[PDB]
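[1] Sharing an experimental structure here, sequence included.
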Amino acid sequence: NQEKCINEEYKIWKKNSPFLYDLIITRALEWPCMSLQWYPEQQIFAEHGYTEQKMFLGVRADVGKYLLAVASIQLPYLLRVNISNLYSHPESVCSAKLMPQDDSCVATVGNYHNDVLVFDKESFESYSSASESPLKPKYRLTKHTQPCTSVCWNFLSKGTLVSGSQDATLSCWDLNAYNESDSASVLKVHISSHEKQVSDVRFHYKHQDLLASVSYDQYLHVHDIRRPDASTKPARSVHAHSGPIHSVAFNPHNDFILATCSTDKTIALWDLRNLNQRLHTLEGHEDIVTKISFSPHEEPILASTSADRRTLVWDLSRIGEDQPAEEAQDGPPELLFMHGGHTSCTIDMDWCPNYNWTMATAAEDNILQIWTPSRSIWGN
Amino acid sequence: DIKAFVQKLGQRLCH
Amino acid sequence: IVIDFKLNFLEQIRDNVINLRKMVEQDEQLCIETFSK
Amino acid sequence: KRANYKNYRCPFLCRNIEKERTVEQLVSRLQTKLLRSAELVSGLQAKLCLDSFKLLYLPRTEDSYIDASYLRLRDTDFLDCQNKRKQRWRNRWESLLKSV
């Protein structure tokens, strides 16, 4: 009753695309995708033009049988997406994200297993291409009680890992002090602040003695690890949302701006100098908003994704502009672009860090699109 | 010109 | 006796445009040879 | 058309595709945007699920379009215009917005 409507919407979108995008690639995959991240720098083929990008994704090939894969993209140097080596992860994977200090270390967490699995290059080379039993983790870390949600690496001092489990408590490990004779010394610290399901946690780029986390108890907590009693009551505990929060996204350039997001259909952007009232509540989504990612090429260009099956790219600079009454039906002046070429709900999106205005969005019906909005939309 | 006749005929009789 | 998808809409639009130009050139060459007799 | 099924909202944002005057001129513009393309590939196929009318995209198949101006973009005034305008206006609106 609703699926043929979605098919008509897809047909209209596909016939209209040569207006909205100056590049769009849709490579139908083999399995659902559940993570994404581009490899930082690129190997280029100057005279050949087709410079080679890579990104490391996860999959859910079958119930309980997960995997890990790497893909190679063929973008032109101002074009298929070829799958590279697979890795057959032993457990579930929902946070496979490589650290910046070197492009080989891995950390994954499953939605059902109660411990984090950190992998390294030795685990990759040791992987024989028979593996009757699955991959060998470089080491597992087990202190939580129920499954974990999200991960993130440090950005200034190599070696630590923050994670929020189902027990509503954060825990930050340190990997440089790992010794299997005493696996209880890997806990750099653990924080007990929130009460219900903690759904996201992130680090800070200038790191400026910072950290951040949210939960389903309608709270945003930013901590400071250098404090003695930072484990029981955090530094800031702002009650800035209505529904269960879903994500957090710091800003790469300016170390003050923050942005949160809940089922209120309204991502709420924040300032840390005075974090008591939201600077400007964004609207434009018509169902639960999950993903919120900033741009690592611009300060205000935000992107969000939701259960309405659309990807909204914003321009926070235009808050309160003088726009004609003809166009004010499509939505506020902040809304800058909408992507709706997904017959399913996008599970993870990511900006490519090398090309400007390029994004990769992985659907749920075994799709993965790489798209660039037209120049007539972000230009002037 | 015998090819301009055909374009004029094809635009006058396009509908 | 009795007797005994590809989801290509841009390609379809391009198809139709080039077919139409084919037809136009066809009759444009027909009238060239007819009108001189 | 008809008007007789439809819980349609929209795929895209009608502000984004603003050029034209008539509608047959809109169609002509789409056609000449496809003919002068810089790349156009339509390998992607799929299939319908019986009594569950969802699409099943058969793997290894992809689709790719690229317009002519994409390969003609220079990265001198690209970031100059976009990023400079954006960051200055954003700093202004941030300083103004943080006085309440």
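    Sure, I can see it. Numbers count the residues shown, from 1 in each chain, chains lettered A, B, ... in the order given.

[2] residue boundaries of the helices in the chain?
    Looking at chain A here, since you left the chain open. Taking DSSP state H, the helices of chain A run over residues A:3-20, A:121-125, A:375-378.

[3] my bad, the chain I had in mind was chain C
    In chain C, the helices defined using DSSP H lie at C:9-34.

[4] Contact partners for the residue of it found nearest chain A?
    Chain C approaches chain A most closely through residue C:9 (5.0 Å), counting by C-beta to the nearest C-beta. C-betas here are computed from N, CA, C, even on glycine. Going by C-beta atoms under 8 Å, 6 or more residues apart in numbering or on different chains, residue C:9 touches A:11, A:14-15.

[5] quick one on the thing from earlier: quick one: closest of the helices of chain A to chain D.
    Using C-beta to the nearest C-beta, the nearest of the helices of chain A to chain D is helix A:3-20, at 3.4 Å.

[6] can you list contacts of the closest one?
    Contacts for helix A:3-20 (C-beta under 8 Å, 6+ apart): A:24, A:309, A:337, A:340-341, A:343, A:373-374, A:377, C:7, C:9-10, C:13, D:5-12, D:16-17, D:30, D:33-34, D:37, D:52-55, D:65, D:67.

[7] tell me which parts of the stretch 51-200 of chain A are close to chain D?
    Within the stretch 51-200 of chain A, the positions near chain D by C-beta under 8 Å from any C-beta of the partner chain are A:76, A:78-81.

[8] which of these are buried?
    Buried members of these, counted by 16 or more other C-beta atoms under 10 Å in any protein chain shown: A:76, A:79, A:81.

[9] if we can go back for a sec, closest one of the residues of the stretch 51-200 of chain A next to chain D to residue A:34?
    Using C-beta to C-beta, residue A:81 comes nearest to residue A:34 of these, at 17.0 Å.

[10] That closest one contacts residue A:28, doesn't it?
    No - contact criterion C-beta atoms under 8 Å: residue A:81 and residue A:28 do not qualify, at 9.7 Å.

[11] tell me, what's touching these two both at once?
    Here residue A:81 and residue A:28 have residue D:62 as joint contacts, going by C-beta under 8 Å, 6+ apart.

[12] How much space separates residue A:18 from residue A:377?
    From residue A:18 across to residue A:377, the span is 13 Å (C-beta to C-beta, to the nearest Å).

[13] cool, and residue D:24?
    Counting by C-beta to C-beta - residue D:24 and residue A:377 are separated by 24 Å.

[14] and those two? which has more neighbours close in?
    Neighbours per residue, other C-beta atoms under 10 Å in any protein chain shown: of residue D:24 and residue A:377, the larger number sits with residue A:377, 20 against 11.

[15] In contact with that one: list those residues for me.
    Counting by C-beta under 8 Å, 6+ apart, residue A:377 touches A:20, A:336-337, D:16.

[16] and those residues, which of them are in strands?
    A:336-337 (DSSP state E).

[17] My guess is residue A:92 contacts residue A:111. True?
    Yes - if you go by C-beta under 8 Å, residue A:92 and residue A:111 touch, sitting 5.1 Å apart.

[18] In chain B, what residue spans correspond to helices?
    B:4-12.

[19] Against residue D:24, how distant is the residue of it positioned farthest from its centre?
    Using C-alpha atoms, centre = their mean, the residue of chain B lying farthest from its centre is residue B:15. It sits 12.3 Å away. Distance, residue B:15 to residue D:24, using C-beta to C-beta: 10 Å.

[20] so what's residue A:150 up against?
    So residue A:150 contacts A:95, A:109, A:163-164, A:199-202 (C-beta under 8 Å, 6+ apart).

[21] In the residues you listed, find the pair that's most separated.
    The largest separation in the contacts of residue A:150, counting by C-beta to C-beta, is between A:109 and A:202 at 14.5 Å.

[22] who has more neighbours, those two?
    Relative neighbour count places residue A:109 above the other of residue A:109 and residue A:202, with 28 against 21, counting by other C-beta under 10 Å.

[23] Report the beta-bridge partner residues of that one.
    Per DSSP bridges, the residues bridged to residue A:109 are residue A:116.

[24] Let me know whether it touches residue A:118 as I believe.
    No - using C-beta under 8 Å as the test, residue A:109 is too far from residue A:118 to be in contact (9.9 Å).

[25] For chain D, what's its nearest residue on the stretch 51-200 of chain A.
    Residue nearest to chain D within the stretch 51-200 of chain A (C-beta to the nearest C-beta): residue A:78, separated by 5.5 Å.

[26] and the buried ones among the residues of the stretch 51-200 of chain A next to chain D as CSV, adding distance to residue A:168?
    Listed next are those as CSV, based on distance: C-beta to C-beta, whole Å:
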residue, distance to residue A:168
A:76, 48
A:79, 45
A:81, 39
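
[27] check contacts around the closest residue to residue A:374 other than its chain neighbours.
    Sequence neighbours aside, residue A:22 is the residue nearest to residue A:374 in space, at 5.2 Å (criterion: C-beta to C-beta, 6 or more residues apart in numbering or on different chains). Residues in contact with residue A:22 (C-beta under 8 Å, 6+ apart) are A:372-375, D:66-67, D:69-70.

[28] now, which of the residues you listed lie within strands?
    Secondary structure assignment (DSSP E) places A:372-373, D:66 from the contacts of residue A:22 within strands.

[29] helix or strand for residue D:84, which one?
    helix D:77-97 (DSSP states H and E).

[30] Test my guess that residue A:239 contacts residue A:215.
    No - with contacts counted by C-beta under 8 Å, residue A:239 stays clear of residue A:215, the gap being 11.1 Å.

[31] Compare these two (neighbour count), which wins?
    A side-by-side neighbour count of residue A:239 and residue A:215, using other C-beta under 10 Å, places residue A:215 first with 25 against 9.

[32] Just give the number of residues close to the closest residue to the more buried one other than its chain neighbours.
    Among residues not flanking residue A:215 along the chain, residue A:194 sits closest, at 3.9 Å (C-beta to C-beta, 6+ apart). As a burial measure, residue A:194 scores 23 neighbours (other C-beta under 10 Å).

[33] For residue A:194, give its distance to chain B.
    68 Å (C-beta to the nearest C-beta, to the nearest Å).

[34] I figured that residue was touching residue A:221, is that so?
    Yes - with contact defined as C-beta under 8 Å, residue A:194 and residue A:221 form a contacting pair (6.6 Å).

[35] so who does residue A:205 touch?
    So residue A:205 contacts A:155, A:250-252, A:255 (C-beta under 8 Å, 6+ apart).

[36] what helix or strand is residue D:14 on?
    Residue D:14 belongs to no helix or strand, assigned by DSSP H and E.

[37] Could you find the closest non-adjacent residue to it?
    Using C-beta to C-beta, 6+ apart and skipping residues adjacent in sequence, the residue nearest residue D:14 is residue A:330, 6.2 Å away.

[38] now do residue D:43
    residue D:61 (4.9 Å).

[39] hang on, isn't that neighbour packed against residue A:26?
    No - Residue D:61 is beyond contact range of residue A:26, at 9.2 Å (criterion: C-beta under 8 Å).

[40] More neighbours: which of these two?
    residue A:26 (25 against 16).

[41] pretty sure the more buried one is in contact with residue A:342, am I right?
    No - in this structure residue A:26 lies outside contact range of residue A:342 using C-beta under 8 Å: 9.7 Å.

[42] Quick check: residues of chain C near chain D?
    Residues of chain C that fall close to chain D, judged by C-beta under 8 Å from any C-beta: C:5-8, C:10-11, C:13-14, C:17-18.
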